[PDB]
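Enquirer: Below you will find the structure I want to go over with you.
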Amino acid sequence: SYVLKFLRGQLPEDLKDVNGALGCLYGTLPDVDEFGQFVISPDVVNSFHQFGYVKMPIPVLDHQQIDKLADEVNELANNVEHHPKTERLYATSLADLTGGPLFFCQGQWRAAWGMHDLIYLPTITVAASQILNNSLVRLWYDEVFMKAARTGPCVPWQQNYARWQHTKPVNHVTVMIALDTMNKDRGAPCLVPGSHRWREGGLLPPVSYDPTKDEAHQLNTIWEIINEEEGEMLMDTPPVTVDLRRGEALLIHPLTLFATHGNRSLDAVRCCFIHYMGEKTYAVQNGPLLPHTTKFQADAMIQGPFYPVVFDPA
Amino acid sequence: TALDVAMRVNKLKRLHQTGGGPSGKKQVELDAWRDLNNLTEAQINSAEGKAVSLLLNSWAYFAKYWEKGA
Amino acid sequence: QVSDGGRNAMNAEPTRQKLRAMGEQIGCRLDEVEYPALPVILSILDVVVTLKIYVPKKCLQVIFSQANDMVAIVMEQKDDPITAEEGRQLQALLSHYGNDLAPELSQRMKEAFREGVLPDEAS
Amino acid sequence: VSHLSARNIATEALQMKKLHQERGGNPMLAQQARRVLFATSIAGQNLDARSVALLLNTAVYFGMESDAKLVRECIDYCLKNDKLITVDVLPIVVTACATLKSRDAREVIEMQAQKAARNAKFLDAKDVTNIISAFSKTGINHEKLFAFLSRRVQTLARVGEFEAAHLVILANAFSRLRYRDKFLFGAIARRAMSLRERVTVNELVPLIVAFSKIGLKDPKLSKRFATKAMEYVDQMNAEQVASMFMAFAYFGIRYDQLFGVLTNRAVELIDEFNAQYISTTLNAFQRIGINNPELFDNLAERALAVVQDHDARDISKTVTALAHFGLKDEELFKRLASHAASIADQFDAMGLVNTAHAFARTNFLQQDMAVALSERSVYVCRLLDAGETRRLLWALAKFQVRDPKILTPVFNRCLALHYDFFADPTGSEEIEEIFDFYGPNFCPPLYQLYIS
Amino acid sequence: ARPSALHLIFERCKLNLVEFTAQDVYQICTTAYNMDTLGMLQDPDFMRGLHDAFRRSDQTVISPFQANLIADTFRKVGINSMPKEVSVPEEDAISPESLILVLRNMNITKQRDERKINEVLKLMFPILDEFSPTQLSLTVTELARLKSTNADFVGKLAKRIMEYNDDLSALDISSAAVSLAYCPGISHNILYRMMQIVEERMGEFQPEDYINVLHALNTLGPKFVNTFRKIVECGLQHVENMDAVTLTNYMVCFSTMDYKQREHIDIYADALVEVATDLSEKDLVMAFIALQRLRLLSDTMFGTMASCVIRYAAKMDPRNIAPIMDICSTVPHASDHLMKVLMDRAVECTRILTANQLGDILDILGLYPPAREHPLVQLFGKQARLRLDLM
Amino acid sequence: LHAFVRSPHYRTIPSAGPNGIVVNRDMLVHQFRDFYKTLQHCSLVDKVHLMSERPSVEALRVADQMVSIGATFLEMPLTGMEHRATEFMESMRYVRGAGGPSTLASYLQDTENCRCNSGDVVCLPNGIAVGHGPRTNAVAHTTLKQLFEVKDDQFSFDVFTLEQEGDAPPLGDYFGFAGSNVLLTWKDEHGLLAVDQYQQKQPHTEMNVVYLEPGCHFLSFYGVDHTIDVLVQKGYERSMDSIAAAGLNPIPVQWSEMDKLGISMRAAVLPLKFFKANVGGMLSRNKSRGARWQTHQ
RNA sequence: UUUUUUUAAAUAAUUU
RNA sequence: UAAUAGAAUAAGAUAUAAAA
């Protein structure tokens, strides 16, 4: 068609249509024969497959990049001048136009620069592909958590695979990146070692969420969903809280128990999750897996513009 | 608390800045080192801004005179 | 809106006269009104002078006396926006119609020019 | 790039924009400019109004939205320092804020509109054209400012202070705003006539297009434009041929001596026709009403080899034009239906309805396009007129679609506009077809309104 | 290396777990800028936390320049910081001091706001009498720096300043003169009276006062030439010992005023070129231009000035290549070495020259014989072809 | 140097100028277009500004507002142009827009019974020359002399009074200096009288005198730039030959209709000299007007 | 071929 | 405890509508 002379350089209405990656954070993606620099050591892979989690030895982002990403997260929750492309989001805590002490966002890779770029970050996608047995890895979705200062709540015990029951096979991983320095007094991730292999790769019953209650009970509700043997393994290996720097990344199994603490510092705390999924993955029902997305039928392979292939071992 | 030790270390640092004292400036540095390492988790977990700022000022000032970095 | 060289050019001059006549009807009754601000007086006087309407002396005296209080307030209070060009225009209009109409306004107005109370249009 | 101050960054950003919007769209220059502008900040440094305006303009042109920092800092500066934005950097700020739609952008645009309204009498040749084009980019309805600018343009053009490019810019700017003023366009036409040979074909075609778009209904200048264009046919490009086809269909007057030569030149360059040119030509022929099968066969044949090049707009226009004239091309129709099924998410509010109705009017039903368009109708139901809603409902009834998740939005839209729905006579027959399929069971209130 | 207590304090400050007032952050930043023993500037996770502490504190306690200094020391590391804007005082917070502080804050931290200026001026008028003589001069200076167009209020302030002629000193008189000359719309009556006051108290002036008066007279224009006369007569007895910047200002005023008594011009130029070697790049450029405009470049004049400028010729600013290039023309003296070095410097910076500067350089070198056999012609041709859109 | 002009108002153009002579409005518009184009083609004028049309024809006389003497922009007394005050404010807005002075000097307006007009002053070399006619009184002479006349070995400014008769037009219309040493005067009685008085007042003065034909309006931008462009009327060819013979550049301009209404070339343009305020010791760049590298070639 | 203007304007009506 | 300034510059199609 004919694009007006002052609209030639614009981007699509949503960044999903943009094939490839923009050069915003780390420039252009490396060449085909340049992807071996970002490989990770086998011991990290063994640690993940043993504990159900591991920390990447090197921070994945420079401090300027973390500053830019924190600015994007701040602008995603303006609440006075709402973010453009807000209608391109799977779910938002500002749908009520009031917000609260916890701001959670999903599918923001179609909304802002940099967040879309972070998906194709080589250092994390190569590691996730190595965890997923060297196959094509497709983004499942992102997530952003922002907790206010002195009142931020905590999300209790949960399993990631409990939210993805519409997807047939167990082939996933999660990468969590800290956009601000975190510790047990501000949203630290607390995980149980060796919990991804408890119920023969099964899902534990959901926990009871009662808001407006102290963090101690919220984190102690764990003794309600487990059995005696899981209790003994808990006693041997109590849940461990992990400290993260301003750029450090953490790989988590989909099936390991996971929680985050409250925020009792004097500033808001930010973190970002991205879930990565393997090639051989099918659907179970007929329809869209996420709101306003391409619909699948029976056991159809999951592809499309909504689940782009981020890395290819060929 | 920690404010008292902070201001006494500040007094020591002023004494070193002006003169050297009856015993000497090296002895002043040693006393400042001991007083600075006296702090334990309780106070530094409950210190306010002024005390922390003064403690960092004194430690940074005395790090130039100490042979080791500290 | 009258053209001196159009289709009805020969009818241009009488129409002009008619307009001037209907101006005077308005111009004669110019003392009953109360001017809130100087630009109203200046617009009326520009209209009457440019178009050469005849105005009786009584309404002229009322107009100038009304303007005198406003300029005196502006000069004296100095704490409260008569620009300098508007004041120049008022002085020139009074001079054209004769300074015997309001002797106080001429002296006050000249003194305002001398001191510099009136600001400029740029400010 | 670190040793460059903000002034040099602004100059190089302007250079990159000028190189990209004119000499090709090299996907390298755009991405380099995006990367450079993503790491710049107007903070802690004193900058002129022009440099800040240039940075804002070149940032917004390259996709940066109203959530970016650079944009926020430039907008804040433009809000705080208003008297520093003279009449030289007003067009840059207005053009930059045209596409941004927020509170601050609206406030800045209004303030600049009032500033240009006050100083409309002291502008010169460059400023009037730049300001009027910049205000035509944004959608604003300040009539008094337009009147003042048109008066100043007439006063300037009486003495002859406009060139061919200025005339084209002014004509397009005043036609885009739907400001119908006979004297201004007469003055522009007379200035071009005085220019004589200084207007070439490239500076003549947009003049005719804009003069047709404004719709003055003056048959005195249309004939003169046609006569002037008759000599320049042999030098025209294919895009120019399509542009004059559209323009003289917009005029509405029949000039056979011109249409014949245009048809011959269009046939000569049939190998240079893209899909856009074919769609434009067929739409122009549909609008003017002439029926010329000889050119139509060649257009249809050339459209068959560029199927993959078709956009949503081109598919819609081509299919509607082909269906109006009763031309049958089963291969072209099948390929267009498949392609429309592939890109069903690119149809706008009215293109979808036009495509569906054009496909349903002829007896051509294909499930691939039918399912895609029926599913896509949900997101464009809310932007439809009463007649367009009736057409969409009839086309959907022809496709035999019964999914309630599709039919609820269209029935809601047609119920909300029932008066205009049932007051259009030309569609009355269509109404009796629609309820012949769904029956009184489907949406009883609509049936009760129909009986009355 | 951070020991246990030092590491724990660093961690506490890193986690935003300590409440910091503006004073404490200022003290820590001063310590960091003074001494680098603990590596404060080398820990991004520490200065980021300090910046977060600074944003959420009350910055109104400290002086404007302290906030500016914290902002500058954060900018130097790599953190984009800006101190918060001060709100206009309301209700009983009204006072001359706070109304001066608003302007001072807007001045130092580079946050100009026309709306806040207008609001402040509309609220300082009634109490103009209560103001002290020094506050009047401070307000005049602040309004002159902010490029305010409200010349009426500046004139009122200037009149109230003149009413206290006895109280003011030479420095205050010079500051008032230059700050009045900088305002564009000031009425010429007040300007005439201020230059009349400057005309007396002439012997009390210091080199800073001379610089201020010469700046004001250069800004004003030929209309005040008479006053400038008494200046050149006044300095005729000190000319053998003056600062180089003062003589450069004298040359600039001589060129602007179109002075015609040539003996003073010759004496002052002769005194200037004795110490011209002490001038900076900019002042050297302007001495050269002013001497050229007065038709005083003899052979020794040009030789000495070229020898002085060849030192800065290695790293000339782009804005200074063209003027000296023009001065090298229109004179019948040998300037081959200066021309060659300037052409080399022009070649070096061919990717940063704006369109106007490139056009000026190409124009000046158009008729130069030795400029044809150089890479500059081809490089500038390519640059001009690229930049034709911006010309 | 900025030159200001005003476009004619076609609808309200007078049918028959004073004296009953006839005028053609289309030709008047065409001749003003030709004048504007000729002004733009002049190299010395940096910009030509065109103000919006005003209802009266007298608004075409924009030169009556003020006068430029040295660096002083003196505003003429508003004693006979009361209906033209608003036009003067509108012209001052145009002057301010182009970066010129904020406001005009009001020295003449404050003085009483100070009748004068722009046009009786000639910016002669080494001062101005004023004419003592009916339109200007002796009070204007005395006020101008006190304001601008200074006697010095070098800071010298000369004001000359030149007596003229009642029927003589304003001095600028017929007596004016051109080039650098050339005095252009109408081969009329008033022109010869003015030339003789100027020669006498200033004795031992050497400057060529050129006599044009009567009725040949002319305009010359007199300044240091020594521009030789001298605009003259089209009809008279002998004045054109005389100007060319003195080493000048006559630029023919059709000036029939404007002449028929009583307006001359000098009364139709407003020339002003602006500058940019230079904060701090500063020497703004100036455009060149000569040749470069004379010695090399 | 040419045709245009320069107020502080404040009185609608309703249960939306 | 903290205050110095320079530049004048123009790109161009959104699928509508009654009378010298």
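A note on labels: chains of the structure tokens are A, B, ... as shown, every chain counts residues from 1, and ligands are counted from 1 in their shown order.
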Please find the residues of chain D near chain A - the criterion being any atom within 9 Å, counting only C-alpha atoms - and write them as number ranges by chain.
Expert: D: 17, 20-22, 25, 30-32, 34-36, 38-39, 60-69, 95, 102-103, 137, 275-276, 310-314
Enquirer: Contacts of residue H:3 at 10 Å or less, counting only C-alpha atoms (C1' of nucleotides), minus same-chain residues fewer than 4 places along, as a list in words?
Expert: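 Neighbouring residues, sequence-local ones excluded: residues 65, 107, 108 and 109 of chain E.
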Enquirer: Next, write the just-selected residues to a file, as an mmCIF file, in the first residue's frame, keeping N, CA and C atoms as the atom set.
Expert:
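Result file is selection.cif:
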data_model
loop_
_atom_site.group_PDB
_atom_site.id
_atom_site.type_symbol
_atom_site.label_atom_id
_atom_site.label_comp_id
_atom_site.auth_asym_id
_atom_site.auth_seq_id
_atom_site.Cartn_x
_atom_site.Cartn_y
_atom_site.Cartn_z
ATOM 1 N N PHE E 65 22.843 24.708 45.632
ATOM 2 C CA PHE E 65 24.056 24.181 45.021
ATOM 3 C C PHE E 65 24.439 22.825 45.592
ATOM 4 N N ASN E 107 17.740 28.682 38.837
ATOM 5 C CA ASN E 107 18.964 29.080 38.151
ATOM 6 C C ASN E 107 20.021 27.987 38.226
ATOM 7 N N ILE E 108 20.346 27.543 39.442
ATOM 8 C CA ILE E 108 21.512 26.686 39.635
ATOM 9 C C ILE E 108 21.278 25.300 39.044
ATOM 10 N N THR E 109 20.103 24.722 39.283
ATOM 11 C CA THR E 109 19.831 23.351 38.870
ATOM 12 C C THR E 109 19.316 23.244 37.439
#
Enquirer: Using only C-alpha atoms (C1' of nucleotides), find each residue in chain D having at least one atom no more than 8 Å away from chain H; report its shortest atom-to-atom pair and that distance in Å (one decimal), rows by chain then rising number, as CSV.
Expert:
residue,atom,partner,partner_atom,distance
D:126,CA,H:10,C1',6.3
D:130,CA,H:10,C1',7.3
D:165,CA,H:12,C1',7.6
D:168,CA,H:12,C1',6.5
D:169,CA,H:12,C1',5.8
D:172,CA,H:12,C1',7.6
D:206,CA,H:13,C1',7.3
D:209,CA,H:13,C1',7.6
D:210,CA,H:13,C1',7.8
Enquirer: Considering only C-alpha atoms (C1' of nucleotides), return as an MDAnalysis selection string whatever protein or nucleic-acid residues lie within 9 Å of residue A:73, sequence-local ones (same chain, fewer than 5 positions apart) excluded.
Expert: chainID A and resid 68 144:146 270
Enquirer: Just N, CA and C atoms for this one: save the residues we selected as an mmCIF file, in the first residue's frame.
Expert:
data_model
loop_
_atom_site.group_PDB
_atom_site.id
_atom_site.type_symbol
_atom_site.label_atom_id
_atom_site.label_comp_id
_atom_site.auth_asym_id
_atom_site.auth_seq_id
_atom_site.Cartn_x
_atom_site.Cartn_y
_atom_site.Cartn_z
ATOM 1 N N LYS A 68 17.507 0.875 32.364
ATOM 2 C CA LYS A 68 16.501 1.058 31.322
ATOM 3 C C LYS A 68 15.302 0.142 31.543
ATOM 4 N N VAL A 144 5.956 -9.702 35.015
ATOM 5 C CA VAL A 144 6.634 -8.662 35.782
ATOM 6 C C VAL A 144 5.953 -8.536 37.133
ATOM 7 N N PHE A 145 6.751 -8.517 38.201
ATOM 8 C CA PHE A 145 6.266 -8.304 39.555
ATOM 9 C C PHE A 145 6.901 -7.048 40.134
ATOM 10 N N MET A 146 6.065 -6.180 40.702
ATOM 11 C CA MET A 146 6.522 -4.959 41.357
ATOM 12 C C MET A 146 5.795 -4.832 42.685
ATOM 13 N N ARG A 270 11.442 -4.938 42.176
ATOM 14 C CA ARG A 270 11.020 -5.384 40.858
ATOM 15 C C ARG A 270 11.715 -6.687 40.493
#
Enquirer: Using only C-alpha atoms (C1' of nucleotides), which of C:79, C:122, C:7, C:99 sits nearest chain H?
Expert: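 Of C:79, C:122, C:7, C:99, the one nearest chain H is C:7, counting only C-alpha atoms (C1' of nucleotides).
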Enquirer: Could you jot down the atom CA of residue B:47 to atom CA of residue E:44 separation for me, Å, one decimal place?
Expert: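 Spanning atom CA of residue B:47 to atom CA of residue E:44 is a straight-line distance of 22.6 Å.
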Enquirer: Would you give me, as a PyMOL selection string, the residues of chain F that come within 12 Å of chain H, using only C-alpha atoms (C1' of nucleotides)?
Expert: chain F and resi 276-285
Enquirer: Now that the selection is made, can you save its residues with N, CA, C and O atoms as a PDB file, in the first residue's frame?
Expert:
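See part24.pdb below for the written result:
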ATOM      1  N   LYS F 276      22.141  42.311  16.085  1.00  0.00           N
ATOM      2  CA  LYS F 276      21.916  41.295  17.100  1.00  0.00           C
ATOM      3  C   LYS F 276      22.710  41.659  18.346  1.00  0.00           C
ATOM      4  O   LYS F 276      23.915  41.918  18.263  1.00  0.00           O
ATOM      5  N   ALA F 277      22.029  41.698  19.489  1.00  0.00           N
ATOM      6  CA  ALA F 277      22.697  42.009  20.745  1.00  0.00           C
ATOM      7  C   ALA F 277      23.765  40.967  21.042  1.00  0.00           C
ATOM      8  O   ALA F 277      23.504  39.761  20.996  1.00  0.00           O
ATOM      9  N   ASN F 278      24.986  41.411  21.312  1.00  0.00           N
ATOM     10  CA  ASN F 278      26.074  40.471  21.561  1.00  0.00           C
ATOM     11  C   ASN F 278      26.435  40.375  23.037  1.00  0.00           C
ATOM     12  O   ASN F 278      27.263  41.140  23.525  1.00  0.00           O
ATOM     13  N   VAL F 279      25.823  39.436  23.750  1.00  0.00           N
ATOM     14  CA  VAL F 279      26.101  39.271  25.173  1.00  0.00           C
ATOM     15  C   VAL F 279      27.540  38.855  25.393  1.00  0.00           C
ATOM     16  O   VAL F 279      28.023  37.928  24.750  1.00  0.00           O
ATOM     17  N   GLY F 280      28.232  39.536  26.297  1.00  0.00           N
ATOM     18  CA  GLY F 280      29.635  39.243  26.529  1.00  0.00           C
ATOM     19  C   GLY F 280      30.461  39.812  25.398  1.00  0.00           C
ATOM     20  O   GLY F 280      29.923  40.146  24.347  1.00  0.00           O
ATOM     21  N   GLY F 281      31.768  39.923  25.593  1.00  0.00           N
ATOM     22  CA  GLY F 281      32.607  40.387  24.509  1.00  0.00           C
ATOM     23  C   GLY F 281      32.292  39.484  23.343  1.00  0.00           C
ATOM     24  O   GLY F 281      32.483  38.275  23.434  1.00  0.00           O
ATOM     25  N   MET F 282      31.794  40.050  22.251  1.00  0.00           N
ATOM     26  CA  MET F 282      31.393  39.224  21.118  1.00  0.00           C
ATOM     27  C   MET F 282      31.482  39.954  19.787  1.00  0.00           C
ATOM     28  O   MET F 282      31.191  41.142  19.703  1.00  0.00           O
ATOM     29  N   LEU F 283      31.883  39.240  18.745  1.00  0.00           N
ATOM     30  CA  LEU F 283      31.965  39.841  17.422  1.00  0.00           C
ATOM     31  C   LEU F 283      31.243  38.957  16.416  1.00  0.00           C
ATOM     32  O   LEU F 283      31.846  38.069  15.819  1.00  0.00           O
ATOM     33  N   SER F 284      29.954  39.194  16.225  1.00  0.00           N
ATOM     34  CA  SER F 284      29.129  38.415  15.314  1.00  0.00           C
ATOM     35  C   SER F 284      29.742  38.395  13.920  1.00  0.00           C
ATOM     36  O   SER F 284      30.372  39.368  13.492  1.00  0.00           O
ATOM     37  N   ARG F 285      29.558  37.278  13.221  1.00  0.00           N
ATOM     38  CA  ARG F 285      30.050  37.149  11.857  1.00  0.00           C
ATOM     39  C   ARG F 285      29.283  38.070  10.918  1.00  0.00           C
ATOM     40  O   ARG F 285      28.083  38.303  11.090  1.00  0.00           O
TER      41      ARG F 285
END
Enquirer: Determine, counting only C-alpha atoms (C1' of nucleotides), which protein, DNA and RNA residues have an atom within 9 Å of an atom of residue F:45; residues of the same chain fewer than 4 positions away are not included. Present the result as a PyMOL selection string.
Expert: chain F and resi 1-3+39-41+271
Enquirer: Tell me which of D:110, D:158, D:46, D:26 sits closest to residue G:2, counting only C-alpha atoms (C1' of nucleotides).
Expert: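 Smallest distance to residue G:2 is found for D:158.
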Enquirer: Write out as a list in words each polymer residue whose atoms come within 7 Å of stretch 116-130 of chain F, counting only C-alpha atoms (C1' of nucleotides); drop sequence neighbours fewer than 2 positions from it.
Expert: residues 63, 64, 66, 67, 76, 77, 114, 132, 135, 136, 137, 140, 157, 158, 159, 160, 161, 162, 170, 171, 172, 176 and 177 of chain F
Enquirer: If you keep C-alpha atoms, can you produce a file of those selected residues as a PDB file, in the first residue's frame?
Expert:
ATOM      1  CA  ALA F  63       7.579  55.784   5.376  1.00  0.00           C
ATOM      2  CA  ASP F  64       5.831  58.574   7.304  1.00  0.00           C
ATOM      3  CA  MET F  66       9.545  57.400  11.772  1.00  0.00           C
ATOM      4  CA  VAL F  67      13.089  58.277  10.732  1.00  0.00           C
ATOM      5  CA  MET F  76       7.434  61.469  14.136  1.00  0.00           C
ATOM      6  CA  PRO F  77       4.806  63.538  15.990  1.00  0.00           C
ATOM      7  CA  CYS F 114       7.101  70.296  16.982  1.00  0.00           C
ATOM      8  CA  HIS F 132      12.754  74.426   6.410  1.00  0.00           C
ATOM      9  CA  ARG F 135       5.345  71.049   6.987  1.00  0.00           C
ATOM     10  CA  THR F 136       8.052  71.483   9.659  1.00  0.00           C
ATOM     11  CA  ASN F 137       8.476  74.401  12.062  1.00  0.00           C
ATOM     12  CA  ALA F 140      11.602  70.801  15.146  1.00  0.00           C
ATOM     13  CA  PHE F 157      27.648  65.480  13.635  1.00  0.00           C
ATOM     14  CA  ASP F 158      26.303  68.219  11.364  1.00  0.00           C
ATOM     15  CA  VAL F 159      22.681  69.310  11.017  1.00  0.00           C
ATOM     16  CA  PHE F 160      21.944  71.669   8.121  1.00  0.00           C
ATOM     17  CA  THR F 161      18.798  73.719   7.546  1.00  0.00           C
ATOM     18  CA  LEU F 162      17.821  74.183   3.888  1.00  0.00           C
ATOM     19  CA  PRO F 170       9.334  67.022   0.861  1.00  0.00           C
ATOM     20  CA  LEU F 171      13.098  67.225   0.489  1.00  0.00           C
ATOM     21  CA  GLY F 172      13.659  63.481   0.138  1.00  0.00           C
ATOM     22  CA  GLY F 176      19.118  63.340  -2.208  1.00  0.00           C
ATOM     23  CA  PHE F 177      22.645  61.985  -2.093  1.00  0.00           C
TER      24      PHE F 177
END
Enquirer: If DSSP is run on the backbone, what residues of stretch 86-151 of chain A are strand (DSSP E)? A reply as a count of residues only would be ideal.
Expert: 18
Enquirer: Quick one, how far is atom CA of residue E:244 from atom CA of residue E:275?
Expert: 6.2 Å
Enquirer: Please return, as number ranges by chain, all residues of stretch 66-256 of chain D that DSSP assigns to helix (DSSP H, G or I) on the basis of the backbone.
Expert: D: 69-80, 90-99, 103-118, 125-137, 143-158, 164-176, 182-198, 205-214, 219-230, 233-235, 238-251, 256
Enquirer: For chain G against chain C, which residues fall within 10 Å using only C-alpha atoms (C1' of nucleotides), given as a PyMOL selection string?
Expert: chain G and resi 2-3+6-8
Enquirer: Identify, on the basis of only C-alpha atoms (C1' of nucleotides), every residue whose closest approach to residue F:21 does not exceed 8 Å; exclude the query and any residue fewer than 4 positions from it along the same chain; express the result as a short mmCIF file (atom, residue, chain, number, x, y, z; two decimals) with C-alpha atoms, in the first residue's frame.
Expert:
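Now in result.cif:
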data_model
loop_
_atom_site.label_atom_id
_atom_site.label_comp_id
_atom_site.auth_asym_id
_atom_site.auth_seq_id
_atom_site.Cartn_x
_atom_site.Cartn_y
_atom_site.Cartn_z
CA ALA F 16 -9.75 59.50 -9.53
CA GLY F 17 -6.65 60.73 -7.76
CA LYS F 260 -0.79 59.51 -10.13
#
